[PDB]
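First comes the structure, then the notes that go with it.
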Amino acid sequence: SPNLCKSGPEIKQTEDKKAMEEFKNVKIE
Amino acid sequence: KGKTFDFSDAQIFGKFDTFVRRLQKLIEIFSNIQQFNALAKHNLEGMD
């Protein structure tokens with residue numbers, strides 16, 4: 001159970017995280 | 001070519017040489033700063 005959820009970064013920052021993954025693509029380039 | 005009678009030897013040791021070297025230093029400094037910004041944004045997950 002300790003690894004259940006972090007409850008702050010996973011929820012609404014996840015779309016920002018996918019944008020950040022696209023940023024990591026721009027970085028790959 | 002029409003005035004070979006007298007010559008003025010190259011006196012190219014002016015301030016412009018030193019400061020053009022200075023501008024070369026600025027160019028290299030800041031271009032490597034540029035590339036390092038992106039490369040540091042690629043390197044360490046702790047960007048800040």
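Chain lettering (A, B, ...) mirrors the order of the structure tokens, residue numbering begins at 1 for each chain separately, and ligand numbering begins at 1 in order of display.
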
Once you count only C-alpha atoms, which residues of chain B turn out to be within 10 Å of chain A? Could you give them as a list in words?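 Residues of chain B within 10 Å of chain A, counting only C-alpha atoms: residues 38, 39, 41, 42 and 43 of chain B.
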
Would you save the residues from that selection as a compact mmCIF listing (two decimals), in the first residue's frame, using C-alpha atoms?
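Output below, filename result_29.txt:
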```
# COMPACT_ATOMS: atom_id res chain seq x y z
CA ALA B 38 20.04 22.67 -24.36
CA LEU B 39 22.57 19.96 -23.48
CA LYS B 41 18.31 20.41 -20.47
CA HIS B 42 19.02 16.96 -21.91
CA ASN B 43 21.50 15.76 -19.26
```

In Å to one decimal, how far is atom CA of residue 21 of chain B from atom CA of residue 8 of chain B?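 According to the coordinates, atom CA of residue 8 of chain B and atom CA of residue 21 of chain B are separated by 24.6 Å.
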